[PDB]
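Protein chains in written order, with the entry's author numbering: chain H, 1 to 135, 140 to 221; chain L, 2 to 218.
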C-alpha cells in the first residue's frame, strides 16, 4: 500500500551516553524485508551502519560493531537501534530504510531523526551589531554568538527587510553555536533610516532587537 | 576498505543539457551471486535520499527515462539526457555487494550561471563584544559564482589561519550565487596586540584578490 518507516529518537544526547532509536514501519512486514540504518553528517557524508534482515540476523559496519546493536520485534513492526559511547561526531541525521529484497538497495526511507551529541545546556545567544568601520549599497551584519541549542531565527526590521539578506549556517565553537547574518541596502537608506537585527531563540525563550548604528572613528 | 569514488563532485549544468556522473570502486562490485549491487540515489535539500537506479541500470518506480545507468565491474556511470529543475540535488552511488556497504561522496548537480565576483565586506569587533572580553572579526563574501573561493586573513600583514571559522550558504534559489562568512575569533587581548586586520578573497573572476581592511586605530 504505502510503505512507510518512521524513526523516533531522543534528539539530544550527551557524549559517552547511548542513543536509542525506534523505527516503526507499516505497509510491509519485517518478516519479509530487511531494514537498514544509515546516518548522514557533513563530516562523513552518508554512512551505512548496519542492517537486520527479514530473517532476523544482523550485519554491522565493522567500524561500529563494538558499540552498535540492532534488534526487532516482528509482531510490533518495530526495529530497534542502540549505539553506546556517543561522541561529538556521532552528531547526525539517523535513518532507517527498507532493504529491497534481492536488490540489496534501500528503497523506502524514513524522514530521519536528527541527533545532536552535546554536553551543552540551553543558552541564549549574545547578539552583536556589525557596522562598517568608521572609515551604491551598504552591507550590514549581525553576529549571533554562544547559543544552544539550534536553531535561532534572525530577521531584519522585524521581517520588513527580507530582500538582500544572507543568514549563514551556524558553526560550533566551544560547545556553543555561532552564526552571522548580513543584509545589504541602498546606502541612501542607512543610516538615515533604522536597520535592526532581530534574533529569536525559541529554546531559551529570548528575543533581541539590535539596532545597527554607525561607528565613530 | 572499499572506496567509492564519484567524479565530478560538483557538476554545474544548464537546464536542458546532458549530465554524466562517474562512480568507480576500489574493487569489483560483481557479487558472488553473479549480480552487481551498484545503485544510485538522488537527494534533494531537506529530504531523505531516494532510489533512482538499482543494480547498475534498472530504473526504479517513477524514475523518468532521461535517467540511465550503465557500467560494470568497477566502473559505472549515471546519465541524465536533459536536465530539468527537479533533477538538481546530490547524487550518490551505493554498493551492496561487500559489507560494510558504502556510499560515494556524492555529486552535486547545480544550476550554472555566469561567473560573478564576490562582494566583500569586513567588520571590526563591536564595542559590545569587546566589553564582554571577546573580539570577532567578520567578513562577508556575498553573491559570487562558482562556489570555489579562497579567503585569507592577515593581521599586520601576517597570514593567520588558526581561530578562523567559515560558513557557506547553499546556492541562491533566485540568482544561483553562493555566499560565505568568515570569522577570525580572537580574545580581546589578542585583538589589542595588532592594528591592521585584512580579509582577502581569491576567486577565479580576477587575477588579483579583493582586499578589505580596517585599522583597530
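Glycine included, C-beta positions come from ideal geometry on N, C-alpha and C.
Spatial distance of residue i from residue j (CA atoms)
i	j	result
residue 12 (chain L)	residue 216 (chain L)	41 Å
residue 51 (chain L)	residue 131 (chain L)	48 Å
residue 221 (chain H)	residue 160 (chain H)	26 Å
residue 43 (chain H)	residue 89 (chain H)	8 Å
residue 97 (chain L)	residue 105 (chain H)	7 Å
residue 219 (chain H)	residue 122 (chain L)	15 Å
residue 76 (chain H)	residue 23 (chain H)	11 Å
residue 21 (chain L)	residue 110 (chain L)	10 Å
residue 7 (chain H)	residue 37 (chain L)	30 Å
residue 150 (chain L)	residue 41 (chain H)	23 Å
residue 156 (chain L)	residue 135 (chain L)	17 Å
residue 164 (chain H)	residue 59 (chain H)	54 Å
residue 64 (chain L)	residue 53 (chain L)	6 Å
residue 92 (chain L)	residue 49 (chain L)	12 Å
residue 85 (chain L)	residue 71 (chain H)	41 Å
residue 169 (chain L)	residue 183 (chain H)	11 Å
residue 15 (chain H)	residue 119 (chain H)	7 Å
residue 138 (chain H)	residue 61 (chain H)	No atoms are given for residue 138 (chain H), which sits in the stretch of chain H between 135 and 140 that the model skips.
residue 65 (chain H)	residue 143 (chain H)	51 Å
residue 195 (chain H)	residue 189 (chain H)	10 Å
residue 133 (chain L)	residue 40 (chain L)	53 Å
residue 191 (chain L)	residue 211 (chain H)	31 Å
residue 12 (chain H)	residue 97 (chain H)	22 Å
residue 108 (chain L)	residue 102 (chain L)	18 Å
residue 201 (chain L)	residue 154 (chain L)	6 Å
residue 69 (chain H)	residue 33 (chain L)	27 Å
residue 131 (chain H)	residue 157 (chain H)	20 Å
residue 67 (chain L)	residue 61 (chain L)	12 Å
residue 193 (chain H)	residue 49 (chain H)	54 Å
residue 10 (chain H)	residue 123 (chain H)	19 Å
residue 10 (chain L)	residue 45 (chain H)	13 Å
residue 199 (chain L)	residue 178 (chain H)	25 Å
residue 126 (chain L)	residue 145 (chain H)	11 Å
CB-CB length for residue i against residue j, believed under 8 Å
i	j	result
residue 203 (chain H)	residue 153 (chain H)	The pair is not a contact, with the Cβ atoms about 15 Å apart (cut-off 8 Å).
residue 102 (chain H)	residue 38 (chain H)	Their Cβ separation, rounded to whole angstroms, is 19 Å, which puts residue 102 (chain H) and residue 38 (chain H) out of contact at 8 Å.
residue 105 (chain L)	residue 208 (chain L)	At roughly 35 Å, the Cβ-Cβ gap does not stay under 8 Å, so residue 105 (chain L) and residue 208 (chain L) are not in contact.
residue 44 (chain L)	residue 90 (chain L)	6 Å
residue 168 (chain H)	residue 187 (chain H)	6 Å
residue 117 (chain L)	residue 95 (chain L)	That pair is no contact at about 35 Å.
residue 180 (chain H)	residue 151 (chain H)	6 Å
residue 186 (chain L)	residue 166 (chain L)	6 Å
residue 112 (chain L)	residue 172 (chain L)	7 Å
Cross-chain neighbours of residue i in chain C, by beta carbon under 7 Å
i	result
residue 106 (chain L)	No chain C is part of this structure, whose protein chains are labelled H and L.
Outcome for residue i when other beta-carbon atoms lying within 10 angstroms are tallied against a minimum of 16
i	result
residue 141 (chain H)	exposed
residue 110 (chain H)	buried
residue 2 (chain H)	exposed
residue 200 (chain H)	buried
residue 160 (chain L)	exposed
residue 174 (chain H)	buried
residue 218 (chain L)	exposed
residue 56 (chain L)	buried
residue 16 (chain L)	exposed
residue 213 (chain L)	buried
residue 73 (chain H)	exposed
residue 92 (chain H)	buried
residue 4 (chain L)	exposed
residue 56 (chain H)	exposed
residue 196 (chain L)	exposed
residue 34 (chain H)	buried
Proximity test, residue i beta-carbon vs the ligand ADP heavy atom, cut-off 6 Å
i	result
residue 34 (chain H)	Summarising the ligand content, the structure contains no ligands, and the ligand ADP is consequently not present.
query: What residues in the stretch 80–100 of chain L have a beta carbon less than 8 Å from any beta carbon of chain H?
result: 93, 95, 97, 98, 100
Cβ contact (3+ pairs, closer than 8 Å) linking the stretch 179–186 of chain L and the stretch 123–143 of chain L: yes
- prompt: Can you list, in chain order, the residues of the stretch 94–126 of chain H whose Cβ is nearer than 9 Å to any Cβ on chain L?
  reply: 95, 97, 99, 100, 102, 103, 104, 105, 106, 107, 108, 109, 110, 111, 112, 126
query: Taking Cβ-Cβ distances below 7 Å as the criterion, which residues of the stretch 24–51 of chain L are in contact with chain H?
result: 38, 40, 49, 50
Residues from the stretch 135–167 of chain L in contact with chain H, defined by Cβ distance under 7 Å: 137, 139, 141, 143, 166
message: Can you pull out the residues from the stretch 172–185 of chain L whose beta carbon lies closer than 8 Å to at least one beta carbon of chain H?
response: In summary, the residues of the stretch 172–185 of chain L whose CB is separated from some CB of chain H by less than 8 Å are 180, 181, 182, 184, in the order they occur in the chain.
- request: Indicate whether the contact test is met: 3 or more Cβ pairs, each with one atom in the stretch 21–31 of chain L and one in the stretch 78–92 of chain L, closer than 8 Å.
  value: yes
query: Along the stretch 56–79 of chain L, what residues have a CB closer than 9 Å to any CB found in chain H?
result: 56, 59, 61, 62
- prompt: Would you say the stretch 59–73 of chain L touches the stretch 76–85 of chain H, given that touching needs at least three Cβ pairs under 8 Å?
  reply: no
task: Taking a Cβ distance cut-off of 7 Å, strictly less, list which residues of the stretch 187–212 of chain L are near chain H, in chain order.
output: none
message: With a threshold of 8 Å, are at least 3 pairs of Cβ atoms found where one atom belongs to the stretch 8–28 of chain H and the other to the stretch 113–133 of chain H?
response: yes
- prompt: Between the stretch 81–95 of chain H and chain L, which residues of the former have a C-beta closer than 8 Å to a C-beta of the latter?
  reply: 95
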